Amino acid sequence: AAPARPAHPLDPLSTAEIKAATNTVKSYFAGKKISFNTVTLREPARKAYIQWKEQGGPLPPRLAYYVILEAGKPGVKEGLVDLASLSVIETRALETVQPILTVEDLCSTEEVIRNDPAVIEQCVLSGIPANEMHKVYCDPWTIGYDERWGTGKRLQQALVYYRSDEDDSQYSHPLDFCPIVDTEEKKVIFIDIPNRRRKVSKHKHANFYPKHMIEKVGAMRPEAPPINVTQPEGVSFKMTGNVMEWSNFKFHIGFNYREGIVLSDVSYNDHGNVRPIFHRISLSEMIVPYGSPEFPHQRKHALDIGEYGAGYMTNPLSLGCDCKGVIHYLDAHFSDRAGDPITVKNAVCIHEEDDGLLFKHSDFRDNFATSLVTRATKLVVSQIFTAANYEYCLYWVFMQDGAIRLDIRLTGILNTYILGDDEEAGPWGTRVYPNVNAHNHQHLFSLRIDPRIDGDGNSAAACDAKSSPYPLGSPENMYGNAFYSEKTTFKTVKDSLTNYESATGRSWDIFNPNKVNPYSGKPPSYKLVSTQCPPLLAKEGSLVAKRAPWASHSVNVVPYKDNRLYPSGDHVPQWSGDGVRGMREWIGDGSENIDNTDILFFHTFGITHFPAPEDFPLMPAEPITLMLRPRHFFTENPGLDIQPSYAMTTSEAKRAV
């Protein structure tokens, strides 16, 4: 009764595999009341995968990682199931952590608060009658961290809002108080109540559907005439299960509950020479730290990936109108609390689109009659997830010059808190609507790159543009114009801990010091070009800085070890930030070698958001991007064998008298 093996060792667990895993765990815990928090692929060891792929090695065993809760027991148990033998092969109890909050965990909280007498009383005081609790809503957040309870109970905090009508957007009407909910007992254990009470706003809700806009401004704009994009002869990409082949790239598209999209085993076919570039690339953690110091707002610093899961939160893309053209979809499969497989249909959208000019050059000599123009196509692998108020639109983009870009668009709704009639929002927030305070915050992301640049044994470096040190008027720099790129190769982990610097236009290289470009004499590399790299604004030693040790630097590079995925640790909710785990453990004392070995490159990037009224009641998409581009990887522009859209040589131009 063992489940069928996948097409490919990195494929996510099938529904049959998930059911097999949960059957096995229920049997192992026979007679105990357990509930499933996470059931997900435990990916093969890096060595095992690579030997299977390239050296005729054995197929790695199919393993399931699980996290469960047991009625009446603190914390969690976790372990591994060997799927071929239907057996639990590793197990341990962690009594003092709390795990990722699932959709089921969060879907239960509104009923809890609506029926709680102490919450009802606070609504009455706040100007909402006791019989109108159906109009009170909350966004159920991780408590994040609260030093009154630590990890001793599993807790949520309910950010409470009011709707006059169920079709309203509730965010114009936050209430003043914050219930704390025991997730497993399903009760309110405390309510944070501010010293200055602010009753519910009496303003109209700030709404945004067409029927609302017609009331607000009189009419919708006329429907614009259509801009139709078609691919009547299909696409150039080919999928074989989860394996993508496009413009010489080949890679595996994976997906899990936490990271969402995971791109693996990325190679480029350089005229028959298939060259590895990356073993794995994904987003591994986030943190969205808010900037109001007033209590209890310090508890808004969601680590969305580790506390809710970019997979668990992902939107089905069918009706989303962001997968246009001829597309390919992938589903995602998770477990529910009962241990049954659940599906998100069309979680991943794959499509190719026009990306402007790839390159062009014309000769002035014959008035540009000698000319070659080639248009670019990009391949886009995307998902969109919803983290209560916000939407994160993630686009992994492959390009025909061999570069890879991550484009993010942020949209959805500002998180809001109540503002008194006479209360000033600034300097920690903006009054984006009457009685609405949209607090300042950052959105920060931890990109995790496991490189294999042109094969094994890699290094990383900071690259800084510098004027020559010789002064103007010296024999060395007579006219003062000389400049160069200073490359600082990181020898130990400590050397790698570095920030973006505008003063040198810093970039970072990930390179293979065992190989040399036969033209330039430099090692083959991919260069990270990324300028949206905010400093972490929370202080050293703050709750934010402690729980996200990775976020303090733009770049952290540590040795590879299997299962080094998550840089705020494996179980993130309610960790105080004290202890050696995640990135803090990997960095250690900073002395380990990272030159010419198997490395892991974690990049912090994102934005700092000071809200303005343009962002409300629904925010226009805000862009974030970074690129990984080949430098000294190829010996020439690798797109030159793409047929031009137009080409005329000099001889041809002359012939056209």
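If you superpose the two forms and keep the largest set of C-alpha atoms that fall within 1.5 Å, you have the rigid core. Residue numbers run from 1 along the displayed sequence.
Asker: Quick check: by Cα RMS after rigid core superposition, does 475-483 or 224-232 differ more from this form in 7 other deposited structures of this protein?
Answerer: After superposing on the rigid core, the more displaced stretch in 7 other deposited structures of this protein is 224-232.
Asker: Is the larger C-alpha RMS shift in 7 other deposited structures of this protein, relative to this form with the rigid core superposed, found in 454-462 or in 314-322?
Answerer: Checking 454-462 against 314-322 in 7 other deposited structures of this protein, I find the farther stretch is 314-322.
Asker: Do the CA atoms of 108-116 or those of 445-453 have the higher mean B-factor in the entry?
Answerer: The recorded data point to 108-116.
Asker: Please work out which of 225-233 and 356-364 has the higher mean CA B-factor as recorded in the PDB entry.
Answerer: According to the entry, 225-233 carries the higher average C-alpha B-factor.
Asker: Looking at 506, 163, 271, 522, which has the biggest Cα B factor in the entry?
Answerer: Out of 506, 163, 271, 522, the record gives the largest C-alpha B-factor to 271.
Asker: If I read the C-alpha B-factors straight from the PDB entry, which of 178, 555, 403, 344 is highest?
Answerer: Top of the list by C-alpha B-factor: 344.
Asker: Lowest, middle or highest third of the chain for the C-alpha temperature factor of residue 641?
Answerer: Its C-alpha B-factor, which the entry lists for residue 641, ranks in the middle third among residues of this chain.
Asker: Rank-wise, by C-alpha B-factor, drop residue 337 into the lowest, middle or highest third of its chain.
Answerer: Answer is highest: the recorded C-alpha B-factor places it there.
Asker: Sort the modelled residues of this chain by their C-alpha B factor and say whether residue 101 lands in the lowest, middle or highest third.
Answerer: According to the entry, residue 101 has a C-alpha B-factor in the chain's middle third.
Asker: With respect to C-alpha B-factor, does residue 46 fall in the lowest, middle or highest third of the chain as deposited?
Answerer: Middle third - that is where residue 46 ends up once the chain's C-alpha B-factors are sorted.
Asker: Considering only modelled residues of the same chain, in which third does the CA B-factor of residue 187 rank: lowest, middle or highest?
Answerer: Highest third.
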